[PDB]
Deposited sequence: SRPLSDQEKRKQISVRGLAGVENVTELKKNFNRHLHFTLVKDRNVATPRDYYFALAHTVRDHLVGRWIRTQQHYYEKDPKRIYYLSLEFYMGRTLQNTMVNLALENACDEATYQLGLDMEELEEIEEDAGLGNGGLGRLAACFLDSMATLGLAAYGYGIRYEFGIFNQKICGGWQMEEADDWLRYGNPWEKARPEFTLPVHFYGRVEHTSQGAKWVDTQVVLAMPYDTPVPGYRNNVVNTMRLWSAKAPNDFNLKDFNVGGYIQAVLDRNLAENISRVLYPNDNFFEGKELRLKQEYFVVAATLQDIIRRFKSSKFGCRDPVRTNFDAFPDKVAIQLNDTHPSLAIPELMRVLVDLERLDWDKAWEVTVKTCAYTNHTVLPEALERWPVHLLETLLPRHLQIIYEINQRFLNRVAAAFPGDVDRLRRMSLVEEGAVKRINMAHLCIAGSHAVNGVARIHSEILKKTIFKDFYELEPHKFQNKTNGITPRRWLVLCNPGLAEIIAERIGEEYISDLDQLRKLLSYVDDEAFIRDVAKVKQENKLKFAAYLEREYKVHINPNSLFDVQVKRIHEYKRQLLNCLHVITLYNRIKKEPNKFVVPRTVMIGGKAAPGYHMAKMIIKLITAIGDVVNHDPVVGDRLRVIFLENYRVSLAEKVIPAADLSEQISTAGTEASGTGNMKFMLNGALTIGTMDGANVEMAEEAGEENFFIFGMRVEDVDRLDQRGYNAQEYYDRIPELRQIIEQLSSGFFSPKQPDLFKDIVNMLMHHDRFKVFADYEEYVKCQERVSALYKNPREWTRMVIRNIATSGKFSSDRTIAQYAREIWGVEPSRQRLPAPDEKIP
């Protein structure tokens, strides 16, 4: 029906129908009489996956023949979402499958809704890994994603009485048609034990063994016939494990628990042994796999054939593990091993919040990984010798830069380990990378300035435009062709349409259709009703104090109080939508969810308000939900305290899909405003420098409370029980935090935020001018393609050239 979804040729449609019926019969063992809708989904998934096979085999044999430098992207998170539509998109099969299923009497969109998200990540860091895999395949790089196959991904969030409840995400229950188990590449991973010193080197002995079994998932490039691999490890007990008899068999669970569940903390470090085991498990298995592949091509050439990218410090044990293998097993001298390690590894930092940095207690590494601790001590000694020689007599520099932190419990600073052992260190947006050089890692930058880079984040325009917003993709393609899908900078061509009345109409129409579709989704699957003519004001992202969902809450209550004060004045109607999961042990984030729903309970049932203001909490925010809500949004809320959000990627998704942004000058927001023009962005609030100034003289929230009467009213409503009549003191913790211990200065940005929101309402009253500003945002979103990001990693870090050329079909 629409052009960018590909051809529906008669031979292809006929073949798809035939293969669908074959899988339903021979694979699922069903006929049309008994087949459940889930069966039809699986028949389609098997039909589509068949098309990946030849390309997957020939891609991997091509890398074997050509032997290019291989890129290994190590991450504890890969937030993939659904795979069916994405695979159709990248193979140009969407229209053909739509037609084939139509002719079989089935609605493809309904079948798509049956697929479980692969929710193997928490938020931005996990989703970045996923966008990256897509871009690496689209750019023809010999790339492999390596991670853990968690049996349970991020929990499903249910809201009960306004409170978050967690349930297990049993995503493999029905089986995963997108993975192939590879038991023949099963590898042993070692834990505990002790170090023995002999005449010729150290030996790690008396270890416990866990097996690492790999599962391969295809990663198709966009219409280039490239299919790369994401290899995820699953933990298996050896067969002689604990081998009264019954108990020994049941105890296999202890070993297999390593790959059981994703830790649900976003930007927070928890020093739990099971998490450390997960980190080593992925690193040990991956490195053996890498080395095995390299030998099937002398370690001088290792860095010419291997790049390892560490996604934050979670896989930081790769550094001492590589040293361990090179020194203990291969018998290289320390200095040569070290040279190889440094040239091989690169590190990407994703946060500056101190509570998020990994600092592992020494006693934990001592017991679990005794040889790695010894290697880390040796790395530290040699590194600090270099610091002492460069900055003679600077004894405080020595303690600041040490990988070993002194105190009550001695800890290892994993970020310091990553910097010492990597040839490149990057932040994820220009302002974040600057903050790294100026504050957090200032000492390291002074020692080795050449190591520090920026690589501004991006998103894939395949999932985040073509897949989720075909209507917008189509009206764009009608004017500029479809080359922009893998060359997003071409969207600049749309600037010459900003005065085109047909395009203005079409852009506004597509947004309207998306909003109608989302309004319908809400009624059908949540029995909740909304006005589709209102401004859709959306903040979706994990719940964190730094992200300031609370600031948004204050604005919502402000609008409610103004309406109640002057009921008969006109206000631009809004649907305010907030969604996101809270980490299970994060009390304040759970209280914020409760506040949001409690505000909704008052606002949504006030007769005087009518349909002028609605507050909805979007339950179970995840990749599939984002694909629905982002295309429907008018206003994107990106309101973190300046200096706290390293980049953001949600911001970029909204920009690409025709929402305007209200935001602080934080993370990639700065670069977004710079690309679009500050006139085309709703910027408010303290800059980083303003935050610094306030910290110096001291942040007194009371001052704001005292001079802003509208703010005072809200605090008094919260305190007195206006939003919780049966438990009047319910929100006391929130009020006390705001008044006395707010690290994120919510009150300080309140006035500017409200005034900026008034300017948004003003522009939305003028549909034509709203839409022209939207066009200027979409047209300048090109920089934020992860294809650009990956091309920069490739050229400036990995030392490889991207290729847009297609492999034989």
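S.K.: Extract from the deposited sequence all ranges with no corresponding C-alpha coordinates, numbering residues from 1.
M.R.: Absent from the structure are positions 1-11, 255-260, 315-324, 837-842.
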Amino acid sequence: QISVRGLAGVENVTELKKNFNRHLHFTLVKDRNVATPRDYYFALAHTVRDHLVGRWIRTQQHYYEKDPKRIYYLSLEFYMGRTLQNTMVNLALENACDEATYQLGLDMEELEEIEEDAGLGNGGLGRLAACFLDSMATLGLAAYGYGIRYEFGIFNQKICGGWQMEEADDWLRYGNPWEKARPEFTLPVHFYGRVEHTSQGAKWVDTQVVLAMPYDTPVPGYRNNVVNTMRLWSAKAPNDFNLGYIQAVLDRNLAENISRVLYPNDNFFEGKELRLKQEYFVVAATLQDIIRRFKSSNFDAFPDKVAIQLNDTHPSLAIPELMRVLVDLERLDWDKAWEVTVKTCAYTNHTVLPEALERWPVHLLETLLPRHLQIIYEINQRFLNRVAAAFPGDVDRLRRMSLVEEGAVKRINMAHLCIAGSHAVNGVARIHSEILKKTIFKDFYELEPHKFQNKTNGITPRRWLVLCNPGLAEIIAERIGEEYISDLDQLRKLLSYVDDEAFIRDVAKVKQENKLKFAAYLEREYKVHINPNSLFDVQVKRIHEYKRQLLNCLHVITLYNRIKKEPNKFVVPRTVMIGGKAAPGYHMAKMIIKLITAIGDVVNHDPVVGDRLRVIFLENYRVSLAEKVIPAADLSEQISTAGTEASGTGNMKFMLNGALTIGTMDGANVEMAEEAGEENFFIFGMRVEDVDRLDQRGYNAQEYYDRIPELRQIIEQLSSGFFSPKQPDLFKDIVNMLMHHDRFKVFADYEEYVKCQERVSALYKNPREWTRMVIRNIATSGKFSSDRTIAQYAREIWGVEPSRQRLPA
From here on, numbers count along this sequence of modelled residues.
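S.K.: As stated in the PDB record, which stretch has the larger average Cα B-factor, 175-183 or 228-236?
M.R.: Mean C-alpha B-factor is greater for 175-183.
S.K.: Where do the C-alpha atoms have the higher mean temperature factor in this entry, in 145-153 or in 394-402?
M.R.: Going by the record's values, the stretch with the higher mean is 394-402.
S.K.: Among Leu472, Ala301, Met88, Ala212, where is the Cα B factor highest in this entry?
M.R.: Comparing C-alpha B-factors across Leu472, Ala301, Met88, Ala212, the top value belongs to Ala301.
S.K.: For the listed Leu495, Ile375, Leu128, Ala673, which has the peak Cα B-factor recorded in the PDB entry?
M.R.: Spelled out: the listed residue with the top C-alpha B-factor is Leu495.
S.K.: Could you say whether, by C-alpha temperature factor, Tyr64 belongs to the lowest, middle or highest third of its chain?
M.R.: Highest third.
S.K.: Taking the entry's C-alpha B-factors for this chain, is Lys755 in the lowest, middle or highest third?
M.R.: Middle third of the chain for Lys755's C-alpha B-factor.
S.K.: Using the B-factors in the PDB entry, rank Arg479's C-alpha atom against the chain and give the third, lowest, middle or highest.
M.R.: CA B-factor rank for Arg479: highest third.
S.K.: Comparing against every modelled residue in the chain, figure out the third that the C-alpha B-factor of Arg49 lands in (lowest, middle or highest).
M.R.: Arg49: CA B-factor falls in the lowest third of its chain.
S.K.: Please place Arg70 in the lowest, middle or highest third of its chain according to the CA B-factor in the PDB entry.
M.R.: Middle third.
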